Structure formats: C-alpha cells, structure tokens
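By convention in this document, chain letters (A, B, ...) are assigned in the order of the sequence lines, proteins followed by strands, and residues within each chain are numbered from 1. Atom set for the values below is all heavy atoms of this structure, side chains included, hydrogens, waters and symmetry mates excluded.
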Amino acid sequence: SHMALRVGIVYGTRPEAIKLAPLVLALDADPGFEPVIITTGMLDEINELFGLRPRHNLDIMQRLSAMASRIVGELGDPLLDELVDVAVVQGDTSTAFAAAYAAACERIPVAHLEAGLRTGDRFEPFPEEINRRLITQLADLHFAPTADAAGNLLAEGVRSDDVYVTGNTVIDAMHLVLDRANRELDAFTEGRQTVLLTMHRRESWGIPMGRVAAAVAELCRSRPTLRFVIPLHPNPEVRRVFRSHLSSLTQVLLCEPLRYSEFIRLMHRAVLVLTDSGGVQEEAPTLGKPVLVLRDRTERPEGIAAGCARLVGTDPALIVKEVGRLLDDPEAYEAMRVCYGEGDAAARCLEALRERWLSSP
Amino acid sequence: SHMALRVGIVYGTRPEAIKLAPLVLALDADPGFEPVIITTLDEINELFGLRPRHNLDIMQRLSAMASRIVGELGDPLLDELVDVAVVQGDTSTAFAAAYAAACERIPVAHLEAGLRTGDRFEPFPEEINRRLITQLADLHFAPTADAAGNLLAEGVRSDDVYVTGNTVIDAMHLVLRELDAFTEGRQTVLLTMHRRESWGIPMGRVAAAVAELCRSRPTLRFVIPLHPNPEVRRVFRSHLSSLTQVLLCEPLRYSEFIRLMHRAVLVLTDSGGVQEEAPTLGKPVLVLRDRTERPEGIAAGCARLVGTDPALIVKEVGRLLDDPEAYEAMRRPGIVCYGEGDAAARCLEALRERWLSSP
Amino acid sequence: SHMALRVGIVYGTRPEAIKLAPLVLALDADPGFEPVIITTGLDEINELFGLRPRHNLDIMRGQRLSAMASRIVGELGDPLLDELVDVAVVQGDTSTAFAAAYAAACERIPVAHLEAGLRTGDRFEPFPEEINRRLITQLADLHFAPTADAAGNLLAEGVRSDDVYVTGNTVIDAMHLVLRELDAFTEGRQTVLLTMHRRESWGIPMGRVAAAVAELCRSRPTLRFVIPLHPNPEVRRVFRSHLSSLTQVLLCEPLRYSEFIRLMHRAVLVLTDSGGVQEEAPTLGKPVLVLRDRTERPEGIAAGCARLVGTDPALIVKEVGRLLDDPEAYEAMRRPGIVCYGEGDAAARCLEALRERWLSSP
Amino acid sequence: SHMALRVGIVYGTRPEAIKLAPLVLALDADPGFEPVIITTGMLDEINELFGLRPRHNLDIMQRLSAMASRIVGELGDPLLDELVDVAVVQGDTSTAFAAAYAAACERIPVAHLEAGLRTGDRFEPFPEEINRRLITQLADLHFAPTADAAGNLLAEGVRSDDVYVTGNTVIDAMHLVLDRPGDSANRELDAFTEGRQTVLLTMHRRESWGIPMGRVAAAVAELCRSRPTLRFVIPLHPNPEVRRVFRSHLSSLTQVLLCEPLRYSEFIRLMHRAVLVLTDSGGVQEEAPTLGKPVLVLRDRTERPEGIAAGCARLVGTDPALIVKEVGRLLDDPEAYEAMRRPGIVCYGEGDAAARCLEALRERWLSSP
Ligand SMILES: O=c1ccn([C@@H]2O[C@H](COP(=O)(O)OP(=O)(O)O[C@H]3O[C@H](CO)[C@@H](O)[C@H](O)[C@H]3O)[C@@H](O)[C@H]2O)c(=O)[nH]1
Ligand SMILES: O=c1ccn([C@@H]2O[C@H](COP(=O)(O)OP(=O)(O)O[C@H]3O[C@H](CO)[C@@H](O)[C@H](O)[C@H]3O)[C@@H](O)[C@H]2O)c(=O)[nH]1
Ligand SMILES: O=c1ccn([C@@H]2O[C@H](COP(=O)(O)OP(=O)(O)O[C@H]3O[C@H](CO)[C@@H](O)[C@H](O)[C@H]3O)[C@@H](O)[C@H]2O)c(=O)[nH]1
Ligand SMILES: O=c1ccn([C@@H]2O[C@H](COP(=O)(O)OP(=O)(O)O[C@H]3O[C@H](CO)[C@@H](O)[C@H](O)[C@H]3O)[C@@H](O)[C@H]2O)c(=O)[nH]1
Ligand code: NA
Ligand code: NA
Ligand code: NA
Ligand code: NA
C-alpha cells in the first residue's frame, strides 16, 4: 500500500523489448517502483521469455506522419488512465519520439534508455537519427551506455546532472538468457565453422542486400567446410532477396527470427558475426566474436576504436576478403577479440530513477 | 413477483460510490425496491457488492462531458425501466443525470442535498451543480438542519426535504500490515489533499508544513494516501519522499482508510467526506481550505479552517499535540453534526412515503 | 477601436426574437456594446427589426428534448469562444435559453436573463418551461425582471437583491416600434382575435375552444373571428376541421409582428394562451381571456385586465358574451393610465444594468 | 517559366504573421523564389495590411496533443499538393513545431526564422521553450536574430555553417508600416493621446492570467490616481479572461483607454507616441527600443537578454509596488529615462533581416558546387 513510482514503459519492436526487459524486471522486483508497459506494435515471444505483461496494446503500427499523429493523439489517455508518474522510452524509434512527446504534453517526465548514440550523418538513417535528437530535448533523464554517448548528450546542451553512464541493458539481457535449446541449429553448426549474419536496414533493401548474399554465395563456393546461419528480418522483400540468392546452398541455413535465448546461444557458437544490427554490435564483442558491420557508418564507434568491429559496408569483394582474413589468419582473428557495460545497467538505471524521482531535500 | 420501485443510481466517482453504497444495500435488502446502477471504482463496487447494470465510458471539456451524459443516459434509464432516479453530491454526473432523468419525466431524489459555502461558482462547477440539482430534484435528503435551511432559501417546499443525516456515517459503520508496522506505538497524523484550486504552490506549502512538523517532532508520523492525479503525487513525492517519518501511500481501499483514520491522533484534509468521517471517530480535523460546506463541525468545535498557510498549520497541529485541553475541546461528545448512521433507512422511508403510497 | 462589451444573444423562436429585438437595437446603437446573435432554430422577424445573426446552429426541429439540449450544450461553446463573447443574454423559458446559459457557464461566460422571475407555482407545468426558468435563475449572474412580483419570485429562489433589476418587459418596447384581405374581412364588424398553441392543449382541449368559437358564431351572426394558426400541423388540423366552413371565421397563416399588432388594435377582445399577447393586449386596452388553467402574468389578473377561462366551452361562450353585451363589464377589463408590464423603456434599463455590472470598476 | 524554389510559409498567429510578412514579401519580389502560405489558425487584418494571400487555411486551432496530432496528420497533404521544396516556420508555436515535423516526414527541408532564443528555464513557458529546442533539431537552416542566439544554437550541437545571424524580421516589419502615416492614423486614439503622456501596455501570457494580471491592472490604477495627467492605452489580447481582468479593474478610469487589438500600423504609431512601454510581448521588447522607448517587461524572465544587458529593458514581473516605482522613476527623472535609450548598441538588427534570410536560402538551396 506504500506509494510506488509508476514507470511507463513504451515500445513497439523486438530490439526495444530486449533492451527494456532487464529494466522492467528490476522495476517489478523493487518495492519502490511499478512498471506499466504500453505497446504500440515476435513481441509476444520476447514478452513470454522475460515475463513482460503489457497493460495496454495500442494497435497503431504506413505513412510516418499518420503513425506519429496517432501516437501523439492517443498515447496520453492510457498514460493518464494508468496514473503513470514517469515514462521511459528506449532507442531511436518513431514510437520512442512520439511517446516522449505525448508524455511531455501531459507534463509526465521522460527518461531515455540508451541515450546519446550518434553517427554524425544528418537524417541518416531517416527518421532514426532525428528521433534521437528530438527525444534528447524531451527527456529529463538520460541512461547513456558509454562515456562517448554521454559526451554526445552534453554537446546537445544536456546538463551533466541529467546524464548517467549506466552501460547498455542488452548486456543484462544477454546474461539473463546465457544462464538458462534448438535441435536443428545444433545439428547444422556442430563441428563446423559457422558465420552468423543478420541484415535488416531499409537503406540496404534490394541491390545492397543482393551484394551481401552474393558475398555469402562466393565464400560458400570457395570454402566447402564453412556454414552460415541467417535469421531473416520479418519483411517479405528482405526474405525474398536472401531466399532467391541462397535457398539452394546446403551450407546456408536461412531461419525464421530466433527466440533471443536461442539467438544468443547460436552467436556464442559462431566463429564470427556479419550484421547491420546495433544490438548485435554490442552482443557479439561481449561473447568475444569479431564483428564485420554491413553499413557505411555505426553508432557503436567504441567497438571500431578497440578493434572488436570493422566497417565492411555492402561491398562483396571487401566482405569476401575480410571474412577470409579472419578464417585463415589466427593473428587477425585474435586482434578482433568491456565497450558497452558490465551487465548491471538495469540496477544503475533504477538507482538514477530513485535519486531523481524518489528523493526529497 | 410483486412490483418493485426501480431506483436508478447514477455516479462516476469514489466519493459518490461510498455515499450511495449504503442506500444501494438498503434498496437491495428491502423487497419494495430494486436498485439499478448506471456508472459514467471497481475496488469500491467489489467491497460493498455494487453491480452496475451499465457503464457509460464518458468521463475532457466540461461541455463535452455534460453533452454526452444529457445525450446518452436516457436510453439505459428507459431500457432498465427506471421509475425514480437518485443522484448524490455535487458532480457534473449528478447534474447531467438529473437533467437526463427529468427529460424522460423520471422523478429525481438528491442524496446529500443543501450543502453551500455561499461563494458563487467556488468551486466551479460543483457549487452551481448543487443549485441546478436542487431545482431538478422532487425529493431532497439533507444531512443536517443547516442544509435543509439552505434548500428552503432556494424555494424548495418543506414537504420535499427530509433531514436523513449523511450516509457516509452508515458507510463507515459497514467497514468498521505495512500501515500497522509504520503507525504501531507512534502519534500518526492522517493527511489527504486533492482540490484542484490547491494544486501546485498551495499543496507545496502544506507539504512544507508537514516537513517542518517532522523535523521539530522526531516521534511524529504522517500517513498521506495520495489522490490519483500525477501533479498531486509529484508535489508530495518531491517534498516528502526522503522523510522516514512520512508514509506516502497509493489510494487505500475504504475499509483500510477508515481503520487508519481510527488509529490517527488527528486528520488534516480538504476532503468533504473526511470532514464528516473524522469527527465520527472522535478525531480533531484541521481543514486545508479557506471555506467549507461542513460549517456544523466548525460551529461545534470538531473542525477548524487552516487553509494552506504553513505557519498556521504548524501552530494548529502543535497546539493539539502539546495541549490536551485544546485536543479534548475538538472531540467533546454530545453534539451530533452529520447523523447517527441510519441515513440509508431514513432515505428508504422517504422514498416509500413519496413513491410507494396512494392517498 | 475602443473595447466594446461583446454581448452574446441566443434564441431559437419568434417570441424570443420579438422580446430580444429592442435589446439588440439598444446594444447596436450604444458605442460601449456589440451584440453577437447566435440562433439555434424567424427570417421575417430578423428582417423587420434588422437583426443579423452571426451564426445559425441548425439544431432545432420532431426531436427528443435530451438530444436537442445535448447538441446545444455540446456545440454552442465553439461560436461563443470564436466570436469572443464577454457576456451572454438569454430570454424567457425555452430549452435554448437553459442549454445556452449552461454552455456559456461552462466557458465561464457570465449570463444575463431577460424576462426573469415569471412563475405559476405549478411544478413542471408546463414541462419543460417551468423547470427551464428555475435552472436559468441559478445560472444567471444578472436578472431583468419585468415586474416587482417577478423580482420577488427570484429572491425566494435565493437570488441576491443586487443581481435583480426591475426593467419592465421589452415586448412593450417591441410593440411601440411597430405601432388588405384582413381589412376586407373585418370592415364594419366586431372581430375577436384568437391565438392558441400550447402543447398541453393539443387535440381535445383545442377542439373545445373551436366548438366555443362555432357556438358564438351561430348565436351572433355579426361577430367575426381572426385565428392566426401556430405552425404545427395538429393545431392547424383541429381549427381547420372545426371552423373552415364558417364564413364568420378567418383562419390565417402566422402574421408578421407589425400586422399582428395592427389586427390586435382593431380587435374588440383577445382570446389567447400566449404569454406575450397577455402583455401586448392590455397595453392596447383590449380585454384578454386566457385559454389556460394558470398564468405567469398574475399582474393582469389582479388588475382585472385579464381573466382565466381555460378550455371550458360554456365558460368561454359566457365570458365572451358578457364583454360583447355589457359595456360596463368591457370597461372593467381596461385600465388606461396604469402599466402592468413596463413603460416601453425596458431595453434602456437593461443596457444601464449591463454597463453598471460589466463596464464599471471599483 | 524558370524553376522557382517553392518556400512553404506556415503560421497560425499574429506575432508569426508579422515576423514572416517581410520574408514573404522578399520571396514574392525575388524571381528565384515563390512563397506558399498555409495557415493553421485579427489574422485577415494582418494579411490585408502586408498583402499576404494564404493558399490553404487548415482550421485546426483544445488539448495540445489533439492539436499537434492534427497538424502532424494533416499538413503533409497541402505541402505535397503545393509542391513545396523548402518550409519556413517562425518562433516558438506548436504550429511551428508540428509543421516542421510534418515537413520532415515528407523529406521537405526546414528553415527556422528567429532561432536560438533561450531563457535557460526548462519547460518555462510550456510548451514554447521545448518547441524551440525540437524545431532546432529539425531545422537544416537557422536564422538567428543576434550573436547571443547563434551561441545558444551551437551549444545544442548545431553546426556553425547552418546558423546565420540575420537579425530579427520584426525590425523589417516596423519599417514597412512607419512609411504609411495615412494607414497608421486612428481618430479615437489621436483624440485620447494628443497632448498627453501616454503609457502603452500589452499583456497576454497564459502564466500571468488571473491574479498576476490583476496586480498589473492595480499598478495602472495606482499610477492613474497619483498622476492625473498620465494616460494609458491597453489593446487587449482576444481572450475573454484577459479582457475581464483589465475591464473589471480599469473600465471606469477616464485615464485608461481599453482597446480592441490594433492594426500593426496603428500599434507602431501609438508606440512611437508613447513615453514608455510595459509589455510581456516578445516582439514589443524588440520594437520599443528601436523607437527609443524604455521597456519595462511584465515577466520574471526574458528570451531578449540583449535588451536587459544593454539597459534598453528592465524586468519588473507582476509586482505592483515595483511597477509603480519603475514607471515613476522614468516619468520623473530624465537621467533615468535617457539611461534606457543610450545610443551605441543595436540589439535585434538594422531591418535588413528578410534580405539576409533570402541570401542564406539561395546559398543553401539554389546553388550547385
Ligand atoms: O533472430 C534474431 C535476430 C536478432 N535478435 C536480437 O534482436 C536485437 C536487434 O534487433 P534488430 O531488429 O536487428 O535492431 P537493431 O538494429 O539492433 O536496433 C536499432 O533499434 C534499437 C531500438 O531503437 C536501437 O537501440 C539501436 O541503436 C538500433 O540499432 C539484438 O538484441 C539481437 O540479439 C534476436 O533475438 N533474434
Ligand atoms: O485513500 C483514500 C482517501 C480517501 N478515501 C475516502 O474517499 C472519500 C473522499 O473522497 P474525495 O475524493 O476526497 O472527495 P470529497 O472531497 O470527499 O467529496 C466531494 O464530492 C462528493 C461527491 O460529489 C461530495 O459529497 C462532497 O461534498 C465533496 O466534498 C471519503 O469517503 C474517504 O474516506 C478512501 O477511501 N481512500
Ligand atoms: O400571428 C402571430 C401570432 C403571434 N405573434 C406574436 O408572437 C409572440 C408570442 O408568440 P407565442 O408563440 O405565442 O409565444 P408565447 O406563448 O407568447 O411565449 C412563451 O415563450 C417566451 C420565450 O420563452 C416567453 O417569454 C413567454 O413567457 C412564453 O409564454 C407575441 O409577441 C405575439 O405578438 C405574431 O407576431 N404573429
Ligand atoms: O494591438 C496590438 C498589439 C500588438 N501588436 C503586435 O503584435 C506582436 C506581438 O504579438 P504577441 O501576441 O504579443 O506575441 P509575442 O509575445 O510577441 O510573441 C511570441 O510568439 C512569437 C511566435 O512564436 C515569438 O516570435 C516570440 O518570441 C514570442 O514572445 C508585435 O509585433 C506587436 O507590435 C499589434 O499588431 N497590435
Ligand atoms: Na515493484
Ligand atoms: Na430489494
Ligand atoms: Na454598439
Ligand atoms: Na518571387
């Protein structure tokens, strides 16, 4: 019956759910807080695995203006009905931005989980890069995964007292599933060098993804003992490009999206990871897996500077060369093996929330 | 199978539900009547065993809300074959529902009729709501002789006014672990504060008075169940959340709230209902307003106005904790302000006399 | 360019328009004020007095009271805010007057009530007009009472004396402003003017009144009646089916206000259930027989200007006979010199009350 | 038939229309550009005076979330239908924010007129202070009125090449009406002010409604009682609550002329005749010093710190004793008066801001390497 700080948790996507799950679990266990989940949008599967129970699903997530209009227009009512005291948004989504704005309209304070990631390339990608900069102005409190991300927030006028370097909750999430099976994946990878590849970014759809698929095909032809596992993003155009280039190759296992527990176990077994995923750039180095990044830019410069990760873009010759170097030269491999925190990020977020909103002078 | 007088019961809020619950229970138990509940709260419904036949999901601009109730309440009143409609208190629901009932020529009774400050449109719209309901209602259940006098001054005929007392006393009587652990062996002040006209700075001054009293009196405790509004929660939380002597609470179930009030040494409130409940438990009340609709407790010395002046609140709480003669002067037995706890039965007999009789 | 008090004027019916017209004209002429008309429902009355509505809400019509009141409460706020209304005036006893007063109160726009304090003392009779007056009375900051009796009714409902002004009735102002087939029909004959519209008298009671007209016509070959019919098909049908063959009765369409007042001036007496005609007819020295069991104009009853006759055909025949046959009974129902309902300066008295309340500082 | 850069101009209010009008006129006159006006929201009167012709009026206007939702949802269609290339928004309005976002959603680049004004008080006022910081992240180009405002933009991570110190277009707007004596005349205002010391007062901010405005009105009443020769002209913001507070405190005082909103030409002429100006208006803080009129600011904070630092303006809040004292000092002591008009500093620009905006637009969007 003691007053709990009621913390709104608003997300629409898998990566948001994975990164918020450890914060939800910490808020649930602590008697000083009550998490209240509102979804805007694979997700049931993540909710089941971590035991997340949404109070409300807005069935909103299509033109960007129409989607943002609906969230700005409609999120206020459930936030008020659920007596939310403070709202947490995560990452770079149009949900995170529109929900932060909707919360601000009701004078509900906002906290941003995973604050301060920047490429320095204006509107690239769109709208994610501008979403971060808008959320940054709306948020009272910022949970930065790294010192570099905290620096980016100060350069946009955020006061140092509003910034906590908590590390990234994705490390917490990884640790939760590492201390907890898939027959077909085990049978396919057992006793083989397996490359794990994920690729989903809209700016790479069609021809650039086709080049990456051609690089995979070439590596498979040249290296009969090499295997690839490619869990496919749930978009029909992404599935069609990989399927049409690779479905006949016995050395490639094209997969449905994997449950996070199975995905992390697979990543642990992989010899290296090719990805355009932000989260996988954080997860893979933590498991000592070299990462080749299928983009021209990254929001994770820490991995680049430490030699954990290299940019490879969608150039098939460079991908073939760089994967070859790592498989053939054990010194190049070892040169690519904490950037993103220790796995206590949820507890550091909780203590920042308690200090800001459960304290009086 | 004998004809029952079907009594519409319309409310949208906790205070209405608490005050109507004893009337609903009396109507349910009496074979001459059938209560029909329409809402415009689940926890209060569960506690008293109230089962709404219809929930209109209406409760935003005042004009839009009143428009919806006037427009939409008629259909469920007609569908449920309501004979007579009861509304309670001062809400825009009570006013708009009384009007919607009048439009269908359904006679209206007003529970807790005739409370006045004498300050026009203060608060708005509650003060005007009472005066509009007063003209719409055929029958008025006044809690006190003073309230009956206010009805006569607005042209209500004496035969349409019954001094029933307040059903909140009935409600208290019906309901009579972390809270126990926090209060056991300590002087505990119970504080509630919710009025829109006190939001922000005035509530901040009251919270500062609490902080000062806590610093000066290490043995003093406060329990503050917070009104479910984020701005109210924010002011108390930001002023008091670090003070070990203050337990900030979620809204309490009515049974738990009344038990806490019984254990408290005194009550600070801007609540109308708590001004009626606290004196009935012999707890001195300091009223966190510049006006009250409960002048009876003021006149009898049960209650004193303190407003949102932190110096006056500190002084007045100090007087009661330090001077046992000042304390006893606010509990003197013998004078009954708000009724005996038989208000539901007196309402039922007024309903039977008016609408279950023939000349 | 000096600030004007912007006065909302809200009405939906002929009687409201007639009684508000002199106040609108006074507000228009005075530089301290700007009238803003919003209608809920009349072109003919607007043309005659030069009233120009800024907004017509197309709300009124066969419609439920709750649906109409819901629409006015819901929708009148927007034009009141858009037109920057400072204060709102409503008139009389209509559901428009009540719902508009409430809509204005919701936007914290102060309300004034023109023709405040009329009471029968019969609860919900008629419905909803009697309750509308008592609701408007609680909502209004300022009350323009036509008579001392009406002011007394307001004090008995808890209104402070400082909020009540005895202005008289603006219908006298309206009459004074307006002061061929009808001429051809009435020339050389004693003509009774009859109007009857009240919903509580529809069907059988109106049929009894029509039978009384028929009986008077049969017994008095020289007597004529002119009956302008309220625009309701049921009212038209009852009079038409009882009287359309009688050469002594002219059933009429509603008359323009100027023509109606001229006809009333020519009439020997008036039979009506109209509130306004009970005020207009005595001012022209015409005895009034009131086709109701109650009146909100007790002043005319007490002064002998008017008598209640209800819908009893024997009583109507008797009372009309007495007035036509006995010039002493006729003269007893005329009081030239003395005024029941005001002097025809009610608009100016309203304006000065508005200036005192809302265009003054301590 | 040569391609013009089609520049969307979106506003809903008088202050926006006044500050955008000189940019619209410069875009209209230059053959390289075509202004396209879309309104969201007194305004006809400003449109007539400057010859602004809106292509679309949205009639949106109420809860902030509902209004912002409607602009984000519905402004895209007219922007696309009118083939807008670039969008300009002005100031701190929820229209400016929601329109900038709606433009960004259609990949229409945004320029912000009057960029970089800051109090340093988070969410004060709400939502204007956050609107500026959101527009700042959305806009590709920023027209800062002062070097101080440009400094505030760089501290929020704006690249120097995206910030131009143009000055404030309100000075351009003033200059456009100063040249028009015939249109600036008003019989009743002339009769009231001719041969008298006249104080001009405007006050509209929501955070001052009710009690604070009442204190300001009491200060006016006290100054009037103490100084029988003093006059006040108070054009009232079109809000019934604002009108009621001034009317109920001042309507009987022959020394106070309460007015309907004045046409901008007449308002600037009145300000030129006034001995001093009391205001919570942003624009009047910029206009008054340009006419050499000391300004007392009826707020606890300002986004025009330049006028405070240069001694052109002083914060007076809504404290009636301080207002009476400060107005008294300026009327009674010609040295105190002259200290608030000292020459040697131009705070808000020279009245060439529209031309500097145009040249920034051409360099950014009408150039190839
Ligand atoms: O079959 C799969 C594939 C991936 N993952 C997990 O999914 C996450 C990443 O999902 P993805 O859709 O690839 O999104 P990201 O690109 O990682 O995330 C973007 O969106 C996030 C939310 O806005 C931001 O935090 C990031 O910075 C941004 O890169 C990682 O934790 C993976 O382990 C699975 O569980 N199963
Ligand atoms: O944590 C809490 C706090 C209060 N209460 C009860 O809630 C009621 C008071 O509710 P509150 O929201 O404070 O409203 P009031 O101020 O009491 O009531 C207003 O509204 C009522 C309905 O219109 C009117 O009868 C009153 O005169 C008017 O003051 C009382 O019965 C309390 O015992 C609880 O059960 N739990
Ligand atoms: O052909 C006709 C008949 C009547 N009238 C005039 O119409 C008005 C009366 O209209 P009516 O429809 O009879 O309404 P009333 O019964 O007079 O008015 C009711 O409605 C008004 C507004 O609510 C209240 O002021 C009254 O007290 C109430 O009785 C009077 O001024 C008449 O002179 C005409 O102009 N032409
Ligand atoms: O009767 C009058 C009174 C004022 N004005 C003019 O109106 C403008 C002021 O408008 P106002 O409504 O007082 O708004 P401001 O407070 O000046 O403007 C706010 O809103 C603008 C748009 O977001 C921002 O540029 C400003 O920083 C912000 O302070 C000025 O140019 C005045 O000269 C008139 O034309 N007539
Ligand atoms: Na918890
Ligand atoms: Na029963
Ligand atoms: Na006028
Ligand atoms: Na041009």
> Counting a contact as any heavy-atom pair under 4.5 Å apart, which residues of residues 99-107 of chain B contact chain C?
Replying inline: B:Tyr99, B:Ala102, B:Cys103, B:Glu104, B:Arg105

> Of the backbone (N, CA, C, O) and the side chain (C-beta and beyond), which part of C:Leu135 lies under 4.5 Å from a heavy atom of chain B, both, or neither?
Replying inline: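 For C:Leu135, backbone and side chain are both near chain B.
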
> C:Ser70 and B:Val70: which non-hydrogen atoms are nearest, and at how many Å?
Replying inline: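 Of all heavy-atom pairs spanning C:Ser70 and B:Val70, the closest is N-CG1, 3.9 Å.
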
>> Around atom CZ of B:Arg354, are there more than 12 heavy atoms from other residues, nucleotides or ligands closer than 6.0 Å?
In response: yes

> Non-hydrogen atoms of chain C under 4.5 Å away: do they reach the side chain of B:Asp138, the backbone, both or neither?
Replying inline: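 For B:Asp138, the contact with chain C is made by backbone and side chain together.
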
>> Taking side chain as everything from C-beta outward and backbone as N, CA, C, O, which of these in B:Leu73 sits under 4.5 Å from a heavy atom of chain C? Side chain, backbone, both or neither.
In response: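 Contact with chain C: none, neither part.
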
>> Please classify the contact of C:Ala156 with chain B as side chain, backbone, both or neither, using a heavy-atom distance under 4.5 Å.
In response: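 Answer is backbone: N, CA, C or O of C:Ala156 sit under 4.5 Å from chain B.
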
>> Counting heavy-atom pairs under 4.5 Å with chain C, which one of B:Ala96, B:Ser63, B:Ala66, B:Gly155 comes out on top?
In response: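 Option with the top pair count is B:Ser63.
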
> Under a 4.5 Å heavy-atom cut-off, does chain B meet the side chain of C:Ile72, its backbone, both or neither?
Replying inline: neither

> Is any side-chain heavy atom of C:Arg123 closer than 4.5 Å to a side-chain heavy atom of B:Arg157?
Replying inline: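 No, every pair of side-chain atoms sits at 4.5 Å or beyond.
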
> Picking from C:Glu130, C:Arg134, C:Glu157, C:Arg133, what satisfies side chain to side chain donor-acceptor pair (under 3.5 Å) with B:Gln135?
Replying inline: C:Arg134

>> If you count heavy atoms of other groups shown closer than 6.0 angstrom to CG of B:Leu81, is the number above 12?
In response: yes

> Quick check: are there more than 12 heavy atoms from other residues, nucleotides or ligands sitting under 6.0 Å from CG of C:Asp122?
Replying inline: yes

